[PDB]
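Residue numbers (our numbering), protein chains in the order written: chain V, 2 to 50; chain Y, 171 to 218.
The beta-carbon is built from N, C-alpha and C at its ideal position, and this holds for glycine as well.
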Amino acid sequence: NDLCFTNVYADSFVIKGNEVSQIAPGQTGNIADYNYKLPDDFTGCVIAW
Amino acid sequence: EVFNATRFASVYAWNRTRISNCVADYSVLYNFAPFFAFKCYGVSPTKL
Ligand SMILES: *[C@@H]1O[C@H](CO)[C@@H](O[C@@H]2O[C@H](CO)[C@@H](O)[C@H](O)[C@@H]2O)[C@H](O)[C@H]1NC(C)=O
Ligand SMILES: *[C@@H]1O[C@H](CO)[C@@H](O)[C@H](O)[C@H]1NC(C)=O
């Protein structure tokens, strides 16, 4: 709450349990490679509930 | 034949197989297992 950001992006998708661990910069898998690749120099937060 | 086995020996006697004179495409290794931990140390899985 003490930061000022220029643009904020909120990509939302429902996915399995282990693919929650899959999503991270510089990762791999059936989803991380062909469905959703985060940029290595990711500066942000991912959220799973 | 290292992932389709049925009796992966106990840790007290770790079975060790040698892989040579062949071409390795680890996508078969990927699709034969719903992976839980792929911690590689000397080489990164992506460009393997
Ligand atoms: C470790 O597990 C391997 C699974 O592929 C075994 O390889 C097989 O061994 C059988 C004989 O047990 C061969 O007939 C077959 O061609 C294949 O090579 C390997 O033997 C096993 N090693 C030990 C020490 O258990
Ligand atoms: C090899 O794997 C397939 C699919 O997981 C399975 O149906 C088959 O029984 C396995 N073979 C042996 C010898 O365990």
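Judging by CA-CA distance, which residue of the options is the nearest neighbour of residue i?
i: V/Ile-48; options: V/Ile-16, V/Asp-42, V/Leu-4, V/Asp-34; result: V/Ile-16
i: Y/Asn-185; options: Y/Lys-209, Y/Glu-171, Y/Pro-215, Y/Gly-212; result: Y/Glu-171
i: V/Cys-46; options: V/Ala-33, V/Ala-11, V/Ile-32; result: V/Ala-11
Does the distance between the C-beta of residue i and the nearest non-hydrogen atom of ligand 1 fall short of 7 Å?
i: Y/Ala-179; result: yes
i: Y/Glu-171; result: yes
i: Y/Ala-175; result: yes
Assuming residue i is part of the alpha helix (DSSP H), what are its boundary residues?
i: Y/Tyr-196; result: Counting along the chain, Y/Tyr-196 falls outside any alpha helix (DSSP H), and DSSP gives it neither H nor E.
i: V/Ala-33; result: 31-35
Do residue i and residue j have their C-beta atoms within less than 8 Å of each other?
i: V/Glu-20; j: V/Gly-30; result: yes
i: V/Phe-14; j: V/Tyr-37; result: yes
i: Y/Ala-207; j: Y/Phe-173; result: no
Quick check: does the Cβ of residue i come within less than 7 Å of any heavy atom belonging to ligand 2?
i: Y/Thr-187; result: no
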